[PDB]
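The numbers here are math on the coordinates, done by the rules we state, and not lab data. We place every Cβ from the backbone using ideal geometry, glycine too, and count neighbours over all the protein chains shown.
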Amino acid sequence: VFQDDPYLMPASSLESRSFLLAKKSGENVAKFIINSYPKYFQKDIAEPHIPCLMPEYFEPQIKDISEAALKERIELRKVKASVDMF
Amino acid sequence: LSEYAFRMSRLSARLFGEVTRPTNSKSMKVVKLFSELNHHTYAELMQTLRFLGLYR
Amino acid sequence: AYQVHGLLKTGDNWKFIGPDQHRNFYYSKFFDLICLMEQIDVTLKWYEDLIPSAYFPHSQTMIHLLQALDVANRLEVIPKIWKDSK
Amino acid sequence: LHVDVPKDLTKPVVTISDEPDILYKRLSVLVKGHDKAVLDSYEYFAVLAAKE
Amino acid sequence: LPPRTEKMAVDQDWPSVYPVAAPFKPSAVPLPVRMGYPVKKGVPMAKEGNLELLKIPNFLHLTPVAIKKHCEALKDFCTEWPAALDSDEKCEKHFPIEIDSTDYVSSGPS
Amino acid sequence: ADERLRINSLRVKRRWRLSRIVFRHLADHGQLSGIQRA
Amino acid sequence: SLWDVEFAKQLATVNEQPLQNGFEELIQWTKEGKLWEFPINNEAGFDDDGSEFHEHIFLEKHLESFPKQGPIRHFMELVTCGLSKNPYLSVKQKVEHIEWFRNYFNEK
Amino acid sequence: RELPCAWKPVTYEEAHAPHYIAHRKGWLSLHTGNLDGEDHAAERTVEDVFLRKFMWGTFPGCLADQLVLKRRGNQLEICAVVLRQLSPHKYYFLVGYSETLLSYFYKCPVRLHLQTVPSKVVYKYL
């Protein structure tokens, strides 16, 4: 998980945990910017298509008052808006 | 050219799928026609990274 | 302890160690037992094989290893362990 | 690893099917590169693997 | 911090150090290899910080011992050529038709 | 593409997609793969 | 329901350890589908809608609604010959080309 | 008064001239696309341009020397050489961010291989 470079090799368990958490935070920031602006990353170039590298959509698409929107929102796990929808 | 070579050739054309009727070559062009077939957006990505505090 | 570690080493059972905290606790206790009971050569071999590849040691583990060296009267190893702890 | 060794290892599952296997008379691998030394090293690697 | 090459024994298991294709790491390769056209009354550049050694597609992950130890484990995936087909003479007898097809390996997303 | 073709049927370093100045700049640095000047 | 899904997801965690070497990383990416399959198959993930060769090579069944012996028959026979020799197009694109020709001639 | 009275360190890549690209220097980026019969050379070059700009902007004043952009299969290894000036936590955060960003950028498994050095490795002086 860590780099072989001596300056970047962790020296203690606390330091190793700090490095791992920093890497995870960088990954989370990358995911946040990806999902906040999917348009910059929609362009797919790889054959075969890789679904795991495409941005994720979390916003409800169905707006009309129907059961289908409310099911979509259950699938998106939006509690407060789901009770509003019901 | 013996007519035997002629009809044997147009039979070969039917078997292999070439144009059986020899349509000269000028009108043979559409056979060739139908036989064949973003720095902008990348910059506002660079702008967005700047705003978030991750560029420059 | 050796039986438990052997069970751990069967196939993919190592995945059951759990988070980093559990791994550190498990290995620290295992190395403490090794230092307390194994012959000094075997303890040094385990020290080389486990640290730093498996875990980052606690100062208490170093104190236990120093005590084991004292009991074995292998005092000439003290400079190497000091350099490692540094 | 002087003492701590894996006790047993998960060999991958290779099942002998019933469908008959394909047979290749020849298999020509043409490797192209900008460097002759890389091609020589890769030739050594591939040849050793083929002999073994 | 000190390089980990100092801790590597002379009888180590090198394949475990480079299990897969990895770039040249001067803190991981225990060789005093030098490369670079020397300057007047100079020596070829040292490995630490050498971009030219970092530019080589090194075969450290493929050593003869590593190759043997890999292809010994890969034997389980192989089948045996039919011994009846001893030469091309019988190949052109029992299997008249030859089907040639090509695959291409480039580098890229597609 | 298809629509325009149908009616018709009845009847600089663009190789690398670089500006001609830039290709020199890249190739001198060794940046392009295999582009060695001779 | 959500209970079973989350139950399985938190079963996934008990054997969730960090990658231990490069081979495990390659295996993980291969399972995720990020890595290519080896040996390389240049037509991987592409099946052309399960089409057969007779659907690509014999496209004259779609010319039945056109004139059967006129000059339009000649032009359409040529057009289908051209389409049948196109390896870049799917059957659907060829048939919609034929349908566009049908409609254009029908208007005219 | 009157008219009649009046009348640098260089690294290895920097030091060597371009005509040693196949004699002394090498190629930073290594891909098959430019070979005979191989396609997508321009695509690879555009990716290289963006990748170098984005690395130099994501690691400002840190890269000691130019990158090495290797590609095997769909892999994209950026073997970069940086300094020891930034804190290791920042290096790890930037590595994670850039890896994820580029992997979702190109839809390919990008990777980084940072190599820290104490300072610029000067070859000679011009």
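Quick look at the values:
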item: Under-24-angstrom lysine pairs by C-alpha in chain D, whenever the two are 8 or more apart or on separate chains; result: 4
item: Of A:24/G:31; C:80/E:55; C:9/E:69; F:13/H:90, pairs whose Cα-Cα distance is over 29 Å; result: C:80/E:55; F:13/H:90
item: Spatial separation of Cα centroids for the range C:15-48 and the range E:49-82, in angstrom; result: 34
item: Proportion of all alpha-carbon pairs of the range B:1-41 beyond 12 Å (%); result: 70
item: Separation between Cα centres of the range A:35-79 and the range H:54-76, rounded to whole Å; result: 32
item: Coordinate range along principal axes, alpha carbons of chain D, Å, largest first; result: 44, 42, 18
item: Sparse-neighbour loop sites [GluC sites (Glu not before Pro); chain G; at most 14 other C-beta within 10 Å; DSSP]; result: G:16, G:37, G:43, G:52, G:64
item: Loop-located trypsin sites (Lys or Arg not before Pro) in the range A:47-84 whose Cβ has at most 10 other Cβ within 10 Å (DSSP); result: A:63, A:77
item: C-alpha long axis of helix G:22-32 to longest principal axis of chain G, angle in °; result: 50
item: Selected from E:15, E:44, E:82 as most flexible by GNM, with chain E as the system and alpha-carbon contacts under 10 Å; result: E:82
item: Averaged over A:37-48, number of beta-carbon atoms from partner chains that fall within 10 Å; result: 6
item: Whole-percent pair-distance distribution, where bins are 5 Å wide, for the alpha carbons of the range G:26-108; result: 3, 12, 20, 17, 11, 9, 7, 6, 6, 4, 3, 1, 0
item: Cα-Cα pairs of the protein assembly as shown separated by more than 36 Å (percent); result: 59
item: Beta bridges per DSSP with both ends in the protein assembly as shown, % antiparallel, nearest 5; result: 40
item: Low-density loop cleavage sites - trypsin sites (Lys or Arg not before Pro) in the range G:1-94, where at most 10 other Cβ are within 10 Å (DSSP); result: G:68
item: Between the range G:24-70 and chain B, the alpha-carbon center distance in angstrom; result: 17
item: q = 0.15 Å⁻¹, chain A: log10 I(q)/I(0) [Debye, one scatterer per Cα]; result: -0.81
item: Cut-off 16 Å (backbone N to label point 7 Å along Cα→Cβ of residue D:10), residues of the range G:18-48; result: G:18-32
